[PDB]
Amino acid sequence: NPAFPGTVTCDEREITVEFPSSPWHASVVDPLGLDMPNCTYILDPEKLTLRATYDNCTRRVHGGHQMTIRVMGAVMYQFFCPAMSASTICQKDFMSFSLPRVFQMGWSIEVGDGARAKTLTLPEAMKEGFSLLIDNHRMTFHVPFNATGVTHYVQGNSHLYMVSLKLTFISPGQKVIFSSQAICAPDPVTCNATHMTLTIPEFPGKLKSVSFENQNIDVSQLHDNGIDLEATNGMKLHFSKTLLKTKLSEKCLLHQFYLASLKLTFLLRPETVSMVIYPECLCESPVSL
């Protein structure tokens, strides 16, 4: 019932509860107040923290996890930790993430890996091109291709930008951490009379799945669906035009074959990452006035 004077941090796997300094004793319980049987948590008297994984220490609720604690006459607090699209939104000009709304607010971004990893506060991150747009029902985190720490691969005219990101949403007394790798191949499109071809420079990830028009296809099945893959010296993916839609752009005198949206799911041996692209064959003849 009372507001919790400490701070809570939600991560992908565990929640950490920090208490303020007082010259405290806490336990993990269910909403009724009884010790959870299978919950194992860690107390750090030096850091004044309680740490627990979501499994076995929280109840699964709509859109996240809920933990209840008891403090000692005997006050009880509850915390909500959101469950957090790993798919990268890949466009010709930048990368972005579309995320469920979390709960004016601040944020921080960590860019890179290990030693190269660097942390930025809102000023420096925005100065570098990062932005967070809190629209209704979801949030958008804007990642520029040319931010420091982005790996830039090139093969011919196709480019690939890859970077590891640890985004921290900051609100008074709460922090939510989202981690993912952003991967975008802007301008990978190639077309001829009969096919559309997507070329991506060679990089550690290797293709595992393709999704388009709510159809999920593993690599092994691609050939039986009019899609052929060449994985040597980078990715070259050929879609038959009979699977694509057709549209008439207002700047074009002829129809363009295109896909409404294409999701490419790659496997890096540690983790699986996805990118969503919006590929279309180039206009043949423009409108001239």
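Start at 1 with the first residue shown and count on from there.
Trainee: If the chain runs straight from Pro23 to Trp24, say none; otherwise bin the unmodelled deposited residues as 1 to 3, 4 to 9, or 10 or more.
Mentor: Going from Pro23 to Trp24, the model skips 4 to 9 residues of the deposited sequence.
Trainee: Mean CA B-factor: is it higher for 210-218 or for 183-191?
Mentor: Mean C-alpha B-factor is greater for 210-218.
Trainee: Going by the B-factors listed in the PDB entry, is the mean over the C-alpha atoms higher for 243-251 or for 222-230?
Mentor: Mean C-alpha B-factor is greater for 222-230.
Trainee: Given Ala74, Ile109, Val150, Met139, identify the residue with the highest C-alpha B factor in the PDB entry.
Mentor: By C-alpha B-factor in the record, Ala74 ranks first.
Trainee: Based on the PDB record, which member of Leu34, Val61, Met67, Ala260 exhibits the highest Cα temperature factor?
Mentor: Largest recorded C-alpha B-factor: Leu34.
Trainee: Would you please rank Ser85 by its C-alpha temperature factor against the other modelled residues of its chain and give the third it falls in: lowest, middle or highest?
Mentor: Its C-alpha B-factor belongs to the highest third of this chain's values.
Trainee: Should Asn38 be placed in the lowest, middle or highest third of its chain by the C-alpha B factor in the entry?
Mentor: Highest third, going by the recorded CA B-factors of the chain.
Trainee: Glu14's Cα B-factor: lowest, middle or highest third of the chain?
Mentor: Lowest third.
Trainee: Rank-wise, by C-alpha B-factor, drop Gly129 into the lowest, middle or highest third of its chain.
Mentor: Within its chain, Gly129 is a lowest-third residue by C-alpha B-factor, going by the deposited values.
Trainee: Can you tell me which third, lowest, middle or highest, the CA B-factor of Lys118 falls into for its chain?
Mentor: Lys118: CA B-factor falls in the lowest third of its chain.
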